[PDB]
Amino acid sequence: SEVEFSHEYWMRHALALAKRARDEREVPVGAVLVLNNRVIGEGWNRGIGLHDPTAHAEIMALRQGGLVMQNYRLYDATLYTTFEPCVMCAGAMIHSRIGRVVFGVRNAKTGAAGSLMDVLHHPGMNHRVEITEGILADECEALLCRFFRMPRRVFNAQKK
């Protein structure tokens, strides 16, 4: 029962952007930055095509959010991403000072929001970013499993 402007509502737009990365032969990850139930930034992985090692879905949304906000600080915003953020994106989330990150499926190998580490809730950091996970995880995992050529029942098998 997904209501408009719910976590699943925004995650489905983020999943629609992940299909764009899939069509572009990239890692099928999409991201949507939401502030007061309004989209201020969208993005998907374009690193291979743009020759940008930082062109992850979360970065493309944060850069767009800063332009839309005319401010490199994006307080009280919520970032939706289909994949658990890496160290790069989680570190960028701290600098933009967003309010929460909502991701779908986990990166059990190198995830930096609970999996390999938790840089967002690291002690000593200038800002703490709240974490919500599991939103449409089955649909986010299906996209990446087909990209990485893996059956779904092996992606994060220890959590199942």
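Just count from 1 along the sequence shown to find any residue number.
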* Taking only the CA atoms, which stretch has the higher mean B-factor in the record, 122-130 or 40-48? -> 122-130
* Within this chain, which third does the Cα B-factor at residue 109 fall in: lowest, middle or highest? -> highest
* Asked: Ranked by Cα temperature factor within the chain, is residue 116 in the lowest third, the middle third or the highest third?
  -> highest
* Sort the modelled residues of this chain by their C-alpha B factor and say whether residue 96 lands in the lowest, middle or highest third. => middle
* To do: Tell me, lowest, middle or highest third: where does the Cα B factor of residue 62 rank within its chain?
  => lowest
* Structure fact -> Binned into thirds over the chain's modelled residues, the C-alpha B-factor of residue 102 lands in the middle
